[PDB]
Amino acid sequence: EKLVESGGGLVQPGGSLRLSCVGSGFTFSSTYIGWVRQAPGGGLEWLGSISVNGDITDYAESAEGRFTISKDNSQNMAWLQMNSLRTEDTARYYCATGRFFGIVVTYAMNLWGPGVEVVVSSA
Amino acid sequence: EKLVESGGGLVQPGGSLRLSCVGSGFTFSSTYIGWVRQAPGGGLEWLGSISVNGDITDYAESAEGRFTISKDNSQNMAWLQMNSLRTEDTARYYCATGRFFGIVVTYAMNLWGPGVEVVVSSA
Amino acid sequence: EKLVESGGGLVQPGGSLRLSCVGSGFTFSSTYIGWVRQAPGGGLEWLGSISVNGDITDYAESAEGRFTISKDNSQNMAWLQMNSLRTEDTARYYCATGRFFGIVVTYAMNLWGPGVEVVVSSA
Amino acid sequence: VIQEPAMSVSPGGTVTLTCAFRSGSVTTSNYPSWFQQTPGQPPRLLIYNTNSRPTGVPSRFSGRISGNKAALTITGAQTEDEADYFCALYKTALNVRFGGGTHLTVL
Amino acid sequence: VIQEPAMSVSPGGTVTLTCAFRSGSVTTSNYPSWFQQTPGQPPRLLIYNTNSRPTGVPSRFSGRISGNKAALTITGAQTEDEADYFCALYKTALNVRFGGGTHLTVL
Amino acid sequence: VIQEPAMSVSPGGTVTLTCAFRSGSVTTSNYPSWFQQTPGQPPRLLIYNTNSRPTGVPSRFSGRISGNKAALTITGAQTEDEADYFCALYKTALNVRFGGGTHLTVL
Amino acid sequence: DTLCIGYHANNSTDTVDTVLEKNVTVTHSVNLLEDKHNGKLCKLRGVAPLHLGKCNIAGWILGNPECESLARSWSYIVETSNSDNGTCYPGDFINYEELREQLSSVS
Amino acid sequence: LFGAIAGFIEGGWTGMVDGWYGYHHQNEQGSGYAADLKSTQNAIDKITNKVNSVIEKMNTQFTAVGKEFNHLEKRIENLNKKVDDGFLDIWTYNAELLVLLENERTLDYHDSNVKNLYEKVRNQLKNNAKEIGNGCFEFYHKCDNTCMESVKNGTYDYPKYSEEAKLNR
Amino acid sequence: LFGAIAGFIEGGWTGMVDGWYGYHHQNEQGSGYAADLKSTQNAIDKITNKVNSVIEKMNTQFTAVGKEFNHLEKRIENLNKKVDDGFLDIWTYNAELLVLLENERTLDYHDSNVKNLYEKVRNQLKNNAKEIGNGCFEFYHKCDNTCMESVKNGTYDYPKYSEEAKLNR
Amino acid sequence: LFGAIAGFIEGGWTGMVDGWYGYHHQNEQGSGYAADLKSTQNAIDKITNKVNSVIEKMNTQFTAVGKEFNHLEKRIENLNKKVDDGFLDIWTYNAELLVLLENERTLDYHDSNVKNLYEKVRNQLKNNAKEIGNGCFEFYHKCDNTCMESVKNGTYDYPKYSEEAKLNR
Amino acid sequence: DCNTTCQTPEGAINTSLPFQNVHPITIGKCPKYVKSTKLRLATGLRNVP
């Protein structure tokens, strides 16, 4: 059971970006996906989460109105779409999920991707 | 749990014979008895079977109307009687039953007797 | 779980005496108390018993009307009071109870005190 | 309550002590109990409820009801089994009656 | 009841013997049974009820129903597995039919 | 969500880290979770649901709810237990909030 | 209006063994037995092993002329199938195995 | 064995993915699955405990099994072989039997969890519902999503629907 | 312990010899015994697998326990004695505990089977029959050998006899 | 796991001290606790037997594990260490696992006893009483101390109180 | 250049599971050697779709 993230890189401020988390070893129809970032100096910051059935999606205060989380079960992939990025969004991003003995636990985050670096600079 | 057969020998074509199977270690009131013959050159051939209660007796097409199977529970013995013996009946005869952990299984034959030799020849 | 008895000694015939059994390791609100005596030459003689709830008390023929059994649960103490002591009462006295795995068995006497000697002599 | 005043055993032998009423039959409802007492020590519960052996009591002690009397069987009697054996019979949940001791001698 | 007249194995190999009706299909209700017979000894039951292996029978014998025919698989055949193999099919609780033997040869 | 910026432990010692809300009480319905992160690796879950410890986590990590705040206790802190420690608290099933990490130092 | 009680099921092929049943498919399992190795001799407790390419312990300790091509500490010693260059001059190495045991784990 | 998994409930649900045990409700507002999070979490905790007990109780220690003996120490070499073989047999027998025992214990634990869920729902509902037998319950009273969430939570209000259920019974 | 063997079914049936678990039926056509062949066969299979698991998992290998030592090799002889005694103690302890635990398991397994058979019949009959208590069911409707064969098989038609049973209840 | 201890009975009784499993009755003659002595004695006997089996099956023998070897006998000393360490590992693993498993066996054994008592009482009262759900039974008929002594004993006369119970049901 | 807790003549072993199949002769804190092929501990439900 692995999650691998891609889609980061250099973004001009005010731009948009798309990040893909791909899962291997389990089906996305049986798991939820959470997106959480870490600033280069600082702590973890939860951005959002999409439910198992995909009907309920919840975002944080700093991510509500800008960020979109979607999940495709057929391709086993989850997309985080960033719009109107600022310079405060330069961070390492992570997709996470909770899976204990083959079933989903929503209040746990034990499967973590390596993370992808996103830098938002005007220089 | 053993079965021992007796009563074989030489019979002139058209005569009659009675084979007796005696059981040791278990009561015949709790088991069925099947009679199976094997030609000296050839394969196994099922002759007949008497049920546990002794009320249902089922014979093969080659023994229907000629062979009779009886079971005496008091003596723990079973009898196969042939009264139409032909030269094709020269074979080794076996009494068999199925016991697993002290109870009868009608669709299994794991206890076998040594068998007796029946010869049907004019010379 | 131990029982310790005290209050024995020398007493003149016709007098009265009081013995105390104190228990350690278990509450007296969850056990019954039986008083038994052994003559210096002879065998065990059951004197009396007080129930777990403290409401039903049963004495023997040699103790009915003279001997009183009381039980204070708060102090974890039991008291046997003898009146009209005679020379036949010179013995060693025992307080006993039955506990198996933390519960009371009224038809068992496995927890025995060391006993205390009572000598009724006019000399 | 009646017991035999004395019995003898040989080391490694088998003995059966008997306890009976004087005016009735002994049943399960009377809860026979057996006690082993050395002269200078408080008694020891061996068997209660005719069959039950408390933890810590060696397995060679067994109890049952034979005919109309309780029986305590010692199999493979050892030197330490030289003591006084008492029988207790119950009428109610609290009414007990101890029997006369049986002085077992190990030879 | 039809069996293949003879098949051959290699020591340590896997073999599959087949038993089938001549005019119908084979299901669980027919309770296929497999017997091992050496020429001088009575038959030995190996598999009954398509799956049940009696105590004492080595684990290398397995049974199943493949397609419309009973199958007996020997995995890792040894030199002592060279014997006649008979199949038995049931119509009622007592009606049995034995098939012709399959002569297995261990090279 | 509030944590203490830094704590120190002696090797083989016992430490407790505290996570608490800024304007409320922490209870079981908030599902405290504890994370151990080294600077160059993704976070690792230690305790979830206040008590539960996933397989593979050493037994020296324990969690509880003391008073009105979650507590993560490390008993026998080893040299490999020097990392950042985060706490996560849940309002709803999916809504999470992390706290500023506590930097544990092994002396 | 209906309310049914049920349990989880997936497309898992994983099989476990039970004392009563064999080949039992389950939703998840864990492995208690690993049978994979990296095919690679490596450091134990941090200290690298001593590798004796063409020499053995006797040749290395005595300074065979074919051994100058070859550590203050090592965790274990490694020999090879072609480690034949030992005591070039014929003779006996008294307590050779004792020396091998004493030289295996120097600090 | 308790009789639920592969028994009174003849089959699992592939559509239920949020937990090991759960409910399927069929109403006028729509059908759906819903896991029992508490029972699933308790099962997860106890299975994790069992795995930890099996793994983290071995207490291994540093050793070097291999020993070298010359040609005049054959007896000591055979003694070493005897020790190694005895340990191998003991450990293999213990490992096999331990795994075989814990597997049945785990499966029976799951079966008991399903049966207990069924019994809790049955005791909550009483005669307000009829037991079909597949593991299902048909309500004599029309009750909506709040009613079923209360049944799942364990707060079914029997006297509220008793009058309505009496008429249709 | 489930409560059926030596519990609400106080005694076994000696006349029922065609299985381990079965039914005694009493109609106006006559009384009889009839074993449940499916449950009995399942029990046979599981007991056979348990016996096989206990026996053929030992994995022995060729060994020669006896060794010979001279009068100046007493330490090695005592080491050999220590190895043998330790193996003996381990094996005797494991064997006794293994046998006792599996005897528990087997007895409980049979108890479970009996209870599950009773529960199956009860859930089939529902209120068409009255539970006497010893393990028996008195039918409220007069049904013949076909009805009881259906109950044994598992194809009892509750709606067919519901109207007939309502009148007598 | 049967679901009584910490299940449909949510707590033990500190007041009931004369046994392990018991009853609490509330009549117009008063309230009281009364332990079930037969079940308690059976449990005592079986737990006693389990303790005896664990303790009195060791079969220890006289031994002296200490051995002395000189500087030139390091290999034999290593063999002795290996034997000692292997025995230590085997015994620690076996003891830990045995205690962990038998603790489960004992706790489920008690939980089965409580359930069996509840089902015996329930089957003995049938529909003369109402099942509250907490583990209690409210009688539809007013019955005195003799009635509940009979229920505890197992001699409840259902036909006697049936007509009385029908009117109030 | 590795870092292992258990070493065998044919490679290193990750000492995280209680039992090992690779090699009898071992150096270091090593899982116990067993002559078995499969040791799987059930953690989920029986699969009955």
Side-chain angles (χ1 to χ4, degrees), chain A residues 1-5 20-36 44 46-60 69-80 94-113, chain H residues 4-6 9 11-27 29-56 99 102-114 116-117 145 148-149 152-153:
Chain A
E1 301 195 345
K2 308 203 308 302
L3 292 170
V4 177
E5 324 174 18
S20 97
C21 181
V22 198
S24 297
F26 61 103
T27 46
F28 265 30
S29 59
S30 77
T31 200
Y32 85 103
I33 294 290
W35 282 99
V36 51
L44 303 174
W46 180 69
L47 291 174
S49 178
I50 181 146
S51 199
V52 167
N53 53 341
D55 297 338
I56 296 162
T57 163
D58 194 4
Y59 308 92
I69 293 166
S70 93
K71 196 155 60 69
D72 193 5
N73 304 324
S74 34
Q75 292 174 356
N76 277 346
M77 269 204 336
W79 297 292
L80 173 66
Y94 293 108
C95 59
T97 201
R99 204 142 172 109
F100 292 112
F101 308 114
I103 53 178
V104 56
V105 166
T106 306
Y107 38 85
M109 270 176 310
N110 65 337
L111 255 51
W112 290 78
Chain H
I5 305 203
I9 300 152
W13 293 332
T14 298
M16 150 156 300
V17 294
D18 36 358
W20 275 336
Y21 330 114
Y23 318 80
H24 175 84
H25 75 93
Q26 168 87 243
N27 243 16
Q29 324 206 326
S31 305
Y33 292 105
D36 193 286
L37 304 166
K38 266 177 47 29
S39 283
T40 298
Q41 186 57 54
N42 284 39
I44 287 158
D45 297 327
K46 301 191 145 130
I47 295 301
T48 303
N49 216 86
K50 175 176 275 173
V51 172
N52 287 342
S53 290
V54 173
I55 294 182
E56 295 160 38
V99 165
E102 314 319 325
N103 284 342
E104 29 180 356
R105 312 265 335 171
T106 295
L107 301 177
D108 305 336
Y109 171 73
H110 284 315
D111 201 29
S112 59
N113 268 329
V114 177
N116 289 344
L117 209 66
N145 287 351
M148 307 230 177
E149 194 266 329
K152 287 173 228 291
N153 204 27

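Sequence lines set the chain letters: A, B, ... in the order given, protein chains first and strands last, and positions in each chain run from 1. As a basis for the values below, the full set of heavy atoms in this structure was taken, side chains included, without hydrogen atoms, waters or symmetry mates.
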Checklist outcome for this item: The interface call for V104(A) against chain H, heavy-atom contacts under 4.5 Å, is both
Next on the checklist: Does any backbone or side-chain atom of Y107(A) lie under 4.5 Å from a heavy atom of chain H? Answer side chain, backbone, both or neither.
Outcome noted: side chain
Checklist outcome for this item: Heavy-atom nearest pair, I44(H) first then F101(A), reads O-CE1, 3.8 Å
Checklist entry - For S29(A), is it the side chain, the backbone, both or neither that has a heavy atom under 4.5 Å from a heavy atom of chain H? => result backbone
Checklist entry - For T40(H), is it the side chain, the backbone, both, or neither that has a heavy atom closer than 4.5 Å to a heavy atom of chain A? => result side chain
Checklist entry - Heavy-atom distance under 4.5 Å between the side chains of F100(A) and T48(H), does that happen here? => result no
Next on the checklist: With heavy-atom distances below 4.5 Å as the criterion, would you say the side chains of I103(A) and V17(H) are in contact?
Outcome noted: no
Item to check | 4.5 Å side-chain heavy-atom contact, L37(H) and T106(A) | outcome: no
